[PDB]
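Input: a single structure, listed below in structure tokens.
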Amino acid sequence: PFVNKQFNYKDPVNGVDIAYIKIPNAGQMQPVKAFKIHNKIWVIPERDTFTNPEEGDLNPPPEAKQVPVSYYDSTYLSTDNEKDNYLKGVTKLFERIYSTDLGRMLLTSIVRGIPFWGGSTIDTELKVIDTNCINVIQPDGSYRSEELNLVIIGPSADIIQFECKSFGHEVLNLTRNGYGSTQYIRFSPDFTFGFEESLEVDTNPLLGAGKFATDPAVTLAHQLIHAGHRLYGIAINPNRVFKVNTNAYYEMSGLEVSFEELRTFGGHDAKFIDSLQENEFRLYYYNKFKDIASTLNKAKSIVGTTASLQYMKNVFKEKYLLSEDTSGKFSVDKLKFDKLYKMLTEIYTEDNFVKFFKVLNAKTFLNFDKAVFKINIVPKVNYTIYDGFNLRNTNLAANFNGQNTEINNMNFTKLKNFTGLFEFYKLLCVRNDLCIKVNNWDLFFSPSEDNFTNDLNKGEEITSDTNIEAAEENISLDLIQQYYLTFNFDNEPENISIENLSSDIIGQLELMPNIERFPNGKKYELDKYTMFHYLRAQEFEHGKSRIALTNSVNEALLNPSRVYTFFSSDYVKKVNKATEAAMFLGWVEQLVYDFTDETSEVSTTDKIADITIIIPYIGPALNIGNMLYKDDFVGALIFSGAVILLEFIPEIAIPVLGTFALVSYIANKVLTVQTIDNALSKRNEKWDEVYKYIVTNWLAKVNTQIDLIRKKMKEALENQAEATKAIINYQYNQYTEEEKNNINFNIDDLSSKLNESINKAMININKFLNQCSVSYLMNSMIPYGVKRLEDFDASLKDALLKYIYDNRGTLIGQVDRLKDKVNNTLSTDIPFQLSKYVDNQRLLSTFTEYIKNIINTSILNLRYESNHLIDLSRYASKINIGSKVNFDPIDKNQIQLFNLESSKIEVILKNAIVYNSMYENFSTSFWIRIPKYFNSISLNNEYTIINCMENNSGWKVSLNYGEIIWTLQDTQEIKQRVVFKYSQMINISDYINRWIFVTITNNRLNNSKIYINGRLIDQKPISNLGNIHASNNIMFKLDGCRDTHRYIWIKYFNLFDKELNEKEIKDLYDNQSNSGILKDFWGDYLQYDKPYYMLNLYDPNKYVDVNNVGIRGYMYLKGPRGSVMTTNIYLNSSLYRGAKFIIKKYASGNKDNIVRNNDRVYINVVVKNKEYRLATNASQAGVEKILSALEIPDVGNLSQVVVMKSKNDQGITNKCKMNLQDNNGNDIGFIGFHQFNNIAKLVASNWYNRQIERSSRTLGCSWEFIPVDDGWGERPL
Ligand SMILES: [Zn+2]
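Heads up: the sequence shown runs through residues 2 to 432, 451 to 1296, numbered per the deposited numbering.
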């Protein structure tokens, strides 16, 4: 820390702060020269050759160590100069670390570390473990033992194998027992690791060129964070490793991250460790301290120094944050411990440092380094304490340029990795065997299910004084700030003179686990091609090959010029074809554009709330489609969901949650009323544990994969840009030889381009990915955990209601409110807040948008997507569709079901995901389309359309002559039904043969409501209905319809696991109305070329009629619209009356024949088997324009274009649908009628236009198109 005096290697040894140290090693050891950069921190610029006897050889091994990166240089740090530079650097980084709040604290804990005085010399005595000191050679040839705390030596063989090294004890785990011991950090500030980014792009649009460098400070900071743990004897056993599955072509051959490694990194990595294991350690170390206190508390004497036993007892007092009374006895204050621990453990972590140092760095410990670099930090021009590489001013600070080894090329010297490229690998063969050498450190992680401990099954007794939950302070910079303030920076252990130790302190390193070499080669003969294969097929041989030509098909990895793409053929074309230099730059522009073009493709799939943004080429870039129902990734993903991306499917074991036992109290109100609260509280907490748990499982099994892909793609895209830089290159590589011609093709600029083109591409791919992650979590992992909670919840309620009962008379004046409190709480879940377990601004932000759409909420949501009737909410397991089930050809999401027992759709919901307390509070909505009841059979015949019962298992939608019903019924067969009844004796109905939005709400504690088209039609209490079954499957089929020709049309069936409120209902309702599409009088999308009868909503009793064809003729509303009936059944004004209307395309055609909100169209009036053209003369007289049915060829420049409408300019629905316009583009007006001497000719008046703005009064322009419909048995006269 800080380091007071600037050293130089040659500076004369002086017994202190610069001496000839004799580290505690084994056997003899010529003293080594080390400096004291600070109280308790020495620096030996030698290669760690001493610490380990079996490590004196600094030469590389004929066999490579299974590590992604390695580097050797027997000669490194040999010269006396190198030492000095090493000295200069190790320091500068301490200064770097030290110049940060976080840094500052850590170095104070490290210096304060001080290995406990074990040396167990007689219980009661205190003593120094000589292995924690060093002998310091004084000038006069003497030597005085000195206590040490942390030492920095040079790297051993493998230069970049930085690590913490401590000497062990004969019988003590000085690193895992609380004692702590002097640490020897093998570190070098002359080499770094290069890594690649593929996220920051979101914030940094112009992110660096390629591989970035890792600020040495972080690395050092990472290593100290380790010395910290060890100094405080809190290091996790290195026998604790996150097991990894290896057998699989996609799995990582070998890799064993330690918990203490995942711990030290922090970020999410640290979240891989389940809560149960987390607290396992805590208590473990919390007890190590308790013994420290004990050890101290009974220490009478102290052999060794001339420092007061009190002094000593105090150092360790101030170290471990012990608390002592007046007698001087020590104790471990749990609450105070949790803090110290929390600090050494979660505040001080690599990720947290990456915040203080504002540098770019790996965002996970599982992001394997791909390089080594020779850096030189000493010169300020290179690296500064404050800015590092990203120097102020310098063009390095805009986008971690200083860290970009390519941009800041001058500061990074690409060295030779010593792990080839296929050292550790896997052999992947397709089905010409067709295999590929896939790099080990290039395969998938894949945590072993073992790792995820749990313990969620243990039930629990809930006394009255149980201890309630605790936050999950995500260690925000704010919390750090707090810690900083409350941080104690003054006073640092004195250099307590200890009595000389052995001239040769006997060492012996703590024993690290053995490096289990891992198998290599391992062959994999597979079926389908792999993402690895595809990726492979996009690299192509360096360059000395023949001008490679892009070419689809995986066989694109058989030719020496093996290259493949996921781009549109045309690109292939443009690229694969000679281009005369006369015309070259054009080409460049072309490709670039086309690149940046193809590369930015994003599907909106708005009609799919869940995963909005979509990058289609992903499927064919990584062959992600996983081969399903043949191609169409964007359709593939939709049919399955983000699952189609996982190289492997993670499971979620969420045991049958235990239960709370309730300790009862005899005639003790308080104590009782307090237990119920503790019960409920712990339950709340109970939900948190589960959520937090699946987030850990989601964080390592799922999210990790998605991230690999995230890289993979980024890899892909580059593989492409790299070739299009090859090809294009080859061309100009055979240039005309004419200088001055073109400001150079600037390959180092076309690249600057292709860079951006890809950088943005990733911005899209990333969003897309983030969605598949969050989303996958929400519909494939949470549901499971929830089920169990909801179960638990369902149980606890009883257990609680009972408790209350069993204790009434003691809960005298409260046996109701408590009964209400328990019933009120345990009647709704505990929302899953992702922010409670994740800081990730990326994912949370995502999670937020996902939550906004109430649809992603639904436990069942089935639309007709792509080519299937699927349950986008991923709850259904098998959606069996009948054979007599028809799907409207237009909007196939409109299902029609007949009376035939063969037309039916049954949906079964994944059992594991289905809890029986599922239908207490829940809503259901769907759009209905009921034909008209013509017969009388229909009367008093209630057929059922939607049924979900398991022997009296409530709710099943039924129909009966002019009414829709919803009946709830419990096992105790008590049933309650709410009904919406619609008369069939109306001129014009709002429900007959039309589409009706229906939503049914259910609140166990309240009533069952039925909403028709948004408004509440009726409600009936249900606070009396007993328990209800949770039917595993729902059946869509009419049942008991005596009518033979009865059928219905359902649409947008959804099922919500909560009581949708009015607002929600109305929102949901407006959303499923496709306001951008005009409608049938019955609700279908209006359509082009499809004769409709006009029904004027203002004067429903009339009907359009063409007085006389021609401009000298007119159209008007004719007399009395006939009636229709069938005594005792219906008496509706007739519809299929008057002249038909035919909408003709005019703007954007050939496309679907659906008429959309703002289409310019043509209205052909069909007069006497002939079709004319409704037009007018915008040059008439008044505002009104009479309109006539002209002869299509005689129309000419007359006003005929009608702008169809659906949403008022303001945005409000309006019936006024036809706005006529003059060719000049003007606005002649909406079409309506108008009295002209008691004739009311159809007219296009600009009046409505005006009114439609103001009010929303049904106006004379309130038209309605009526096609003939099998639902309206009426016969078109
Ligand atoms: Zn580490």
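Heads up, the beta-carbon is just placed ideally off N, CA and C, and yes, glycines get one too.
- In the same chain as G804, and ignoring 5 residues on each side of it, the C-beta atoms closer than 6 Å to its own belong to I673, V709, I713, in chain order.
- Out of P802, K1170, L392, the CA that lies nearest to the CA of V360 is found in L392.
- Distance from the CA atom of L819 to the CA atom of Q501, rounded to whole angstroms, is 40 Å.
- Sixteen is the threshold: since fewer than 16 other Cβ atoms of the shown chains lie within 10 Å of the Cβ of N1169, the residue is exposed.
- When the Cα atoms are used, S157 and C134 turn out to be separated by approximately 21 Å.
- One Cα belongs to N1012, the other to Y1155, and the distance between them is close to 14 Å.
- In this structure the segment 778-796 does not lie against the segment 672-687, because fewer than three pairs of beta carbons, one per stretch, are closer than 8 Å.
- Taken in chain order, the complete beta strand (DSSP E) segments of 3 or more residues contained in the segment 666-720 are 679-681.
- Excluding sequence positions up to five before and after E620, its CB lies within less than 8 Å of the CB of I634, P635, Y636, all in the same chain and listed in chain order.
- For the pair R145 and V17, the Cα-to-Cα distance works out to about 10 Å.
- Beyond the five residues adjoining it in sequence on each side, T624 comes within less than 6 Å, by CB distance, of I633 in the same chain, given in chain order.
- The alpha-carbon separation between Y822 and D707 amounts to approximately 24 Å.
- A218: member of the alpha helix (DSSP H) spanning 217-232, first to last residue.
- Residue state for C134 is assigned as strand, using DSSP reduced to three classes.
- Straight across, the Cα-Cα distance linking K320 with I630 is about 51 Å.
- Between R536 and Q67, the C-beta spacing is below 8 Å.
- Proximity of the segment 235-250 to the segment 160-180 meets the contact definition, three or more beta-carbon pairs being nearer than 8 Å.
- If you check the C-beta of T715 against ligand 1, you find no heavy atom less than 7 Å away.
- Here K1187 is exposed, its C-beta having fewer than 16 other C-beta atoms within 10 Å.
- In terms of CA proximity to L94, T220 leads the group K84, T220, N205.
- Counting along the chain, no alpha helix (DSSP H) covers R1034; the unbroken beta strand (DSSP E) around it starts and ends at 1034-1040.
- A distance below 8 Å separates the beta carbons of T92 and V4.
- In the DSSP assignment, the residues bridged to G155 are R48.
- Here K1098 carries a strand assignment [DSSP, helix/strand/coil].
- Residues of the same chain with a CB within less than 6 Å of the CB of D124, apart from the 5 flanking positions on each side, do not exist.
- Taken through DSSP and simplified to helix, strand or coil, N778 comes out as helix.
- Contact annotation: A1208 and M1134 have beta-carbon atoms nearer than 8 Å.
- According to DSSP, residue pairing for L528 in a beta bridge involves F168.
- Contact check between the segment 941-951 and the segment 1037-1051: fewer than three CB pairs, one atom from each, fall below 8 Å, which does not count as touching.
- Within the segment 1252-1278, the complete alpha helix (DSSP H) runs of at least 4 residues fall at 1265-1270.
- Distance from the C-beta of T365 to the nearest heavy atom of ligand 1 is not below 7 Å.
- Between the beta-carbon of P25 and that of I643 there is about 55 Å, and that puts the pair past the 8 Å contact cut.
- With distances taken between CA atoms, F413 lies nearest to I378 out of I378, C430, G981, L647.
- Within the same chain, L1154, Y1155, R1156, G1157, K1159, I1285 come within 7 Å of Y1112 by CB-CB distance, once the 5 residues on both sides are set aside.
- When the five nearest sequence neighbours on each side are left out, the beta carbons in the same chain lying within less than 6 Å of the beta carbon of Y856 are those of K711, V714, in order along the chain.
- The alpha helix (DSSP H) runs of length 4 or more contained entirely in the segment 23-75 do not exist; there are none.
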